[PDB]
Every structure is written in C-alpha cells, then in structure tokens.
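Participant:
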Amino acid sequence: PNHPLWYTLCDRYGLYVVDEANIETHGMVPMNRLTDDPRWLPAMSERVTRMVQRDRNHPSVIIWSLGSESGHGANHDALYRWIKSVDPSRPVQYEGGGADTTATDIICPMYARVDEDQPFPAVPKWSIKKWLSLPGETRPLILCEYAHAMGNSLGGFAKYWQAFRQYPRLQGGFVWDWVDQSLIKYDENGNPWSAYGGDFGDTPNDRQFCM
Amino acid sequence: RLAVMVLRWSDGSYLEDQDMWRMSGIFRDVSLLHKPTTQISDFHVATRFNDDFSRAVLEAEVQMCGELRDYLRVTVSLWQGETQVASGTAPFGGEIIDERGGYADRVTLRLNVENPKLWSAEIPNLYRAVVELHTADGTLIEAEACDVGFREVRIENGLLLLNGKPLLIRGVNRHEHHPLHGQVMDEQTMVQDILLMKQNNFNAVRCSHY
Ligand SMILES: O[C@@H]1[C@H](O)[C@@H](O)OC[C@@H]1O
Ligand SMILES: [Mg+2]
Ligand code: NA
Ligand code: NA
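The listed protein sequences correspond, in order, to chains B and A. Under the entry's author numbering, think of the first position of the first sequence as 393, with each following residue one higher. Under the entry's author numbering, think of the first position of the second sequence as 183, with each following residue one higher.
(1) With which residues is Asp411(B) paired in a DSSP beta bridge?
(2) Below 6 Å CB to CB, which residues in the same chain sit around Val409(B) once its five sequence neighbours on both sides are set aside?
(3) Going along the chain, which residues of its own chain have a beta-carbon closer than 6 Å to the beta-carbon of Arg288(A), five neighbours each way excluded?
(4) Identify each residue in the segment 508-540 of chain B for which the Cβ-Cβ distance to at least one residue of chain A is less than 7 Å, and report them in chain order.
(5) If distances are taken between C-alpha atoms only, which option among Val267(A), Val354(A), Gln221(A) comes closest to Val239(A)?
(6) How about residue 618(B) and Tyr538(B): do their beta carbons lie closer than 7 Å?
(7) If the criterion is Cβ atoms closer than 7 Å, does the pair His316(A) and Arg255(A) meet it?
(8) Look up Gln200(A) in the DSSP assignment and say whether it is helix, strand or coil.
(9) At a threshold of 6 Å, does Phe601(B) count as lining ligand 4 (C-beta to nearest heavy atom)?
(10) Taking 7 Å as the CB-CB cut-off, is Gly346(A) touching chain B?
(11) So, does the CB of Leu341(A) fall closer than 7 Å to a CB anywhere in chain B?
(12) Could you give the first and the last residue of the continuous alpha helix (DSSP H) run that contains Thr219(A)?
(13) DSSP on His468(B), reduced to helix/strand/coil?
(14) In the structure shown, what three-state DSSP assignment does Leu214(A) receive?
(15) Any chance the segment 463-476 of chain B sits against the segment 432-449 of chain B, with 3 or more Cβ pairs inside 8 Å?
(16) Taking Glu304(A) as the reference, give the member of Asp280(A), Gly331(A), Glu264(A) with the closest Cα.
(17) Check the DSSP bridge columns for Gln262(A) and list the partner residues they point to.
(18) Give a single yes or no on whether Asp199(A) has its beta carbon closer than 6 Å to a heavy atom of ligand 1.
(19) Just curious, the alpha helix (DSSP H) that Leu349(A) is in, first and last residue?
(20) Residues in its own chain within less than 7 Å of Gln558(B) by CB, not counting five upstream and five downstream?
(21) In whole angstroms, what is the alpha-carbon distance linking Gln262(A) and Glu281(A)?
(22) Just to check my reading of the structure: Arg336(A) and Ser302(A) have Cβ atoms closer than 8 Å, yes? What is that Cβ distance to the nearest angstrom?
(23) Measuring alpha carbon to alpha carbon, tell me which residue in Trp203(A), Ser269(A), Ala185(A) is nearest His363(A).
(24) Going by beta-carbon coordinates alone, are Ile415(B) and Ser462(B) separated by less than 7 Å?
(25) Less than 7 Å separating the beta-carbons of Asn385(A) and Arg352(A)?
(26) Identify, in the order they occur along the chain, each residue of the same chain with its Cβ nearer than 8 Å to the Cβ of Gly406(B), setting aside the five sequence neighbours on each side.
(27) Locate the beta strand (DSSP E) running through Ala550(B), then write down its first and last residues.
(28) Using only CA atoms, which one of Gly490(B), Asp591(B), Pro430(B), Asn424(B) lies nearest to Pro511(B)?
(29) Where does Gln563(B) land, buried or exposed, given buried means 16+ other C-beta within 10 angstroms?
(30) If you drop the 5 nearest sequence neighbours on each side, which residues of the same chain put their C-beta closer than 7 Å to that of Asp224(A)?
(31) Report the three-state DSSP secondary structure of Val478(B) (helix, strand or coil).
(32) Looking only at its chain, what residues have a beta carbon closer than 7 Å to the beta carbon of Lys476(B), apart from the 5 residues adjacent to it on each side?
(33) Tell me which residue opens and which closes the alpha helix (DSSP H) that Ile520(B) is part of.
(34) Would you mind stating whether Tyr253(A) and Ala327(A) have Cβ atoms separated by less than 7 Å?
(35) Quick one: grab the DSSP three-state call for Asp280(A).
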C-alpha cells in the first residue's frame, strides 16, 4: 500500500490503480512455504484486510491485489474470498503460483511473451495469445509486469501493443517499472553520483538489478 | 424392362450448387435386393465406454417389418476375426417409451466387451457385428452385418477427443472426380486415393460436399 496521498492524486488526475497488500515472500523455498502455512494466515490477513479498510473509498482503486511473488497457498484463496465478500465492487488479482490460479479474477502473468511459450514446470509462462484460449479458460489477461525496462531495453514493446489491440481479452499490462532505484552518493569533491547494489558495502547484493 | 427418365435440372439443383463440373446421369451403382417378407428394416450400432476404455457396451437397436410373432428373435453376435467375443439374443418388444407403450417391432441388444480393441486412423481395429433375424427354435430368416469400430467421439472442455485423446486433424477435402469417367467412382481409384493420403500423412477426409 502506498502513501495515502498517492490515491488522492490518482482520484483527481485520473489513473486506474492496482492497490496491493504488503506481502512478498520471494526468498522462501518453495515460494509458498509461508503462504500455504495456516500459522501465517493471521499476519497475512491483516496485511490485506487493513489495506481494504483504508483504501476502499478511493475511486482510482479499481483492482485489489493479494501481494507479490509468494507462490500460491491456501491463505491466498482464503483472503481472495474475504475481499470478494467485503467488496464486490472491484476484481481481485494475484500472479503467484502460475498467474491463473483460483486466487485471481484476472490472468496476470509477469513477462509472459507475445508469441513465445516459456513452459517452466508447474508455473509455465504461456504466450499471452495462447494462454487466453487454453481449454476452459475464459478470464481476461492483463500482465501485472512486462517489458522489463532495465538499462537499454523495451525491445519488442510494439509486439505487445499490436497483440493488445488485436485481441479483445488481452487488455494490456503494467510495464516494469517506472523509476530506477539508484541512490545518491558523493565523491571526495562533493560531486553527486548514482549508486546501485553494493555501493554501500551492502553484501550480498544484486548490483544494478534495482534499476 | 426398366425405363428411367433422368432430368438434368430439377428443383433439387437449387441445393446442388457445389463448385464442380455440372453433370447428369445414372452415375452410381444400380442393384436388385431380395428381402424376406419378415425382415430387418433398420439397425443401429453404438459403443459406449467406462472412463479408461477398459470396458465397452455394444448396443444394437434392430427394427423389423412384417407380421409380429412371439417366436421371432434377433441375435447380435460380435466377431474379432474368427473368434466370437460376444452374443445376445432377445424377442421383439422394446422398453416402454410413453403412455401408449413401446415399439413392438424393435429390440435392443446389449453386449458386454472387456478390453475392446479400439478403432482409430492410427490403428483401424474392427470387429464384425452380425444381426440375425430368426425363429426361437433356430431358423434363420435373414442376416445383416457391419464392421464395428470401438471408439468414442466427444467434445470436452473445448477439445475434440477421440478415445479420450485430443485429435490433430491432418485432413483434406476430396471430391468424387475421375478425368475420364467424370463423377463415377470405382474401387481402384478410391483405393489409390486412400493409399496416397496415408502415405502423405493425412488421417482425415471431408466428403466435400455430398
Ligand atoms: O469452391 C471450392 C470450395 O467448395 C469452396 O468452399 O472454397 C473454394 C474452393 O475452390
Ligand atoms: Mg461453393
Ligand atoms: Na485488447
Ligand atoms: Na529489480
């Protein structure tokens, strides 16, 4: 969840907002170790319930999200349903555990490609065009993350937009991401420079992957 | 002496506007068939399966014409080569259908078949069904027969399945055409066409458009 003012400005300038609970357990093995564990349901529920209690009056908020990269566990399903009961007015999405689980109203993959399948076991990333028509699938598809804009990037961005406009159920996506997470350091002369992972003695680090 | 007056054009021609040579004549086989007064007038074969196709039921509905008699029977027997795998015999008189009763002139035979050899284009396993119309005490009135392929065609969850497996149709449209004989078909040409299709990895054909 964002600084309360963010929503106010989105209400007034006009932007559609995905409001997202503060839950990410990426580093767990497997990803859903905590989110499938009922002992972690109370801590997760407060991260979802208190967000909704806070932001439910903002028109700019159109979709609720259960969090980020935490696999898919029973706690997601429980909290999915909680929001659906309390607020029928907004869809719920969640990308974890394959982007098309029972905890999501929207097929919301990250970095699924336009035409090329990535058939990872258990959590494949299908071609977004293919994903739509998988036997029994009916939901819309909006990429929660796509076109990873790291350094000299956004190659093939136009391939996405051609597909979005041609397919009714391909309804776009959210680029990853808006602003580089570089920090300011100063040299011996007081001259500012842009720093990334490791420049603060922080170790282990992931270098420029913050940008 | 037979006399046949064939018209090139009729109101039927309004429903025969296929993209092809427009011809006319007696272009398929003519024949004479002798059926007894008491006769098999129709018969339908169905095959249904359990979930993994390890059990089937062959269901044959047989219709008669002629005078109804208590001594009348139908036997449907199922043959795999020279081995009889299944058989059933019953008098005429189907189950009750509505307030007025049932079909006294029909009977349905149900034969159990364990581990049936399934039909497909990959392996065209066939059985032989023989439909005998006869007296209870053993006099055959007549027999009809057909080739039976055990297979299930269904659409499930958006997929066309044959025997539980999604098909991939390597098909072709095929008109009935011969450069010398026009629209008259013969065995040799037919067999030739099929051998070339299968040799070229086709598994399906569409009867375009008749
Ligand atoms: O006329 C043929 C066919 O019957 C039609 O459907 O498509 C064109 C083809 O040449
Ligand atoms: Mg035509
Ligand atoms: Na679209
Ligand atoms: Na990053």
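Here a beta-carbon is modelled for each residue, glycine too, at the ideal position from N, C-alpha and C.
Facilitator: On the basis of the supplied data:
(1) The sequence position of residue 411(B) within the first sequence is 19, counting from 1. DSSP lists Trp456(B) as partners of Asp411(B).
(2) As a first step, residue 409(B) must be located in the first sequence, where it is residue number 17. The residues are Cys402, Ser452, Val453.
(3) Counted from its first residue, the second sequence places residue 288(A) at position 106. These residues qualify, in order along the chain: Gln245, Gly276.
(4) Those residues of the segment 508-540 of chain B placed with their C-beta closer than 7 Å to a C-beta in chain A are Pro527, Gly528, ordered along the chain.
(5) Your numbering for residue 239(A) matches position 57 in the second sequence. Taking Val239(A) as reference, the option from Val267(A), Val354(A), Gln221(A) with the minimal CA-CA separation is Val267(A).
(6) Past the edges of chain B, shown from 393 to 603, lies residue 618(B), and the structure says nothing about it.
(7) Taking the first residue of the second sequence as 1, we reach residue 316(A) at position 134. Taking the first residue of the second sequence as 1, we reach residue 255(A) at position 73. In terms of Cβ geometry, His316(A) and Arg255(A) form a close pair [threshold 7 Å].
(8) Residue mapping note: residue 200(A) aligns to position 18 of the second sequence, counting from 1. If DSSP states are grouped into helix, strand and coil, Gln200(A) belongs with coil.
(9) Numbered from its first residue, the first sequence carries residue 601(B) at position 209. At least one heavy atom of ligand 4 lies closer than 6 Å to the C-beta of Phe601(B).
(10) Within the second sequence, numbered from 1, the residue matching residue 346(A) stands at position 164. Chain B contact via Cβ: absent.
(11) Along the second sequence, one-based indexing puts residue 341(A) at 159. Yes, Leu341(A) lies at the interface with chain B (some Cβ there is under 7 Å from its Cβ).
(12) Taking the first residue of the second sequence as position 1, residue 219(A) is located at position 37. Counting along the chain, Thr219(A) falls outside any alpha helix (DSSP H), and DSSP gives it neither H nor E.
(13) If you number the first sequence from 1, residue 468(B) lands on position 76. Correct three-state label for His468(B): helix.
(14) If you number the second sequence from 1, residue 214(A) lands on position 32. Three-state result, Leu214(A): coil.
(15) Counting Cβ pairs under 8 Å, three or more are found: they touch.
(16) Position 122 of the second sequence, counted from the start, is the residue given in the question as residue 304(A). For the residues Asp280(A), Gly331(A), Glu264(A), the minimum Cα distance to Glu304(A) belongs to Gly331(A).
(17) Within the second sequence, numbered from 1, the residue matching residue 262(A) stands at position 80. According to DSSP, which records beta bridges pairwise, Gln262(A) is partnered with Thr265(A).
(18) Within the second sequence, residue 199(A) is the residue found at index 17, counting from 1. Flag unset: Cβ of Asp199(A) not near ligand 1.
(19) Here residue 349(A) refers to the residue found at position 167 when the second sequence is read from its first residue. For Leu349(A), there is no enclosing alpha helix (DSSP H), since its DSSP letter is neither H nor E.
(20) On the first sequence, position 166 is the one that residue 558(B) refers to. Residues of the same chain with a CB within less than 7 Å of the CB of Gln558(B), apart from the 5 flanking positions on each side, do not exist.
(21) Taking the second sequence and counting its residues from 1, the one referred to as residue 262(A) is at position 80. Taking the second sequence and counting its residues from 1, the one referred to as residue 281(A) is at position 99. If you take the alpha carbons of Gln262(A) and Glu281(A), they lie about 41 Å apart.
(22) Within the second sequence, numbered from 1, the residue matching residue 336(A) stands at position 154. Within the second sequence, numbered from 1, the residue matching residue 302(A) stands at position 120. No, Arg336(A) and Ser302(A) are not in contact; Cβ-Cβ is about 14 Å, not under 8 Å.
(23) Numbered from its first residue, the second sequence carries residue 363(A) at position 181. Nearest of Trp203(A), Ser269(A), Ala185(A) to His363(A), Cα basis: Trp203(A).
(24) As a working mapping, residue 415(B) is identified with position 23 in the first sequence. As a working mapping, residue 462(B) is identified with position 70 in the first sequence. Yes. Within cutoff.
(25) Start at 1 with the first residue of the second sequence, and residue 385(A) comes out as number 203. Start at 1 with the first residue of the second sequence, and residue 352(A) comes out as number 170. Contact: yes.
(26) Your numbering for residue 406(B) matches position 14 in the first sequence. Excluding sequence neighbours, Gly406(B) sits near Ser452.
(27) Walking along the first sequence from the start, residue 550(B) turns up at place 158. Bounds of any beta strand (DSSP E) do not take in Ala550(B); it lies within the alpha helix (DSSP H) bounded by 549-558.
(28) Taking the first residue of the first sequence as 1, we reach residue 511(B) at position 119. Taking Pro511(B) as reference, the option from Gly490(B), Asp591(B), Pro430(B), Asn424(B) with the minimal CA-CA separation is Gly490(B).
(29) Position 171 of the first sequence, counted from the start, is the residue given in the question as residue 563(B). Label assigned to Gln563(B): exposed.
(30) The count along the second sequence starts at 1 and reaches residue 224(A) at position 42. The residues are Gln245.
(31) Translated into the one-based positions of the first sequence, residue 478(B) becomes position 86. Helix.
(32) Counting from one through the first sequence, the residue named residue 476(B) turns up at place 84. Within the same chain, Cβ atoms closer than 7 Å to the Cβ of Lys476(B) are found at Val484, the five residues on either side in sequence being excluded.
(33) On the first sequence, residue 520(B) is found 128 positions in, with the first residue counted as 1. 520-523 is the extent of the alpha helix (DSSP H) around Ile520(B).
(34) In the second sequence, the residue the question calls residue 253(A) occupies position 71. In the second sequence, the residue the question calls residue 327(A) occupies position 145. No. Outside cutoff.
(35) By 1-based counting over the second sequence, the position of residue 280(A) is 98. In this structure, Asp280(A) counts as strand in the three-state DSSP scheme.
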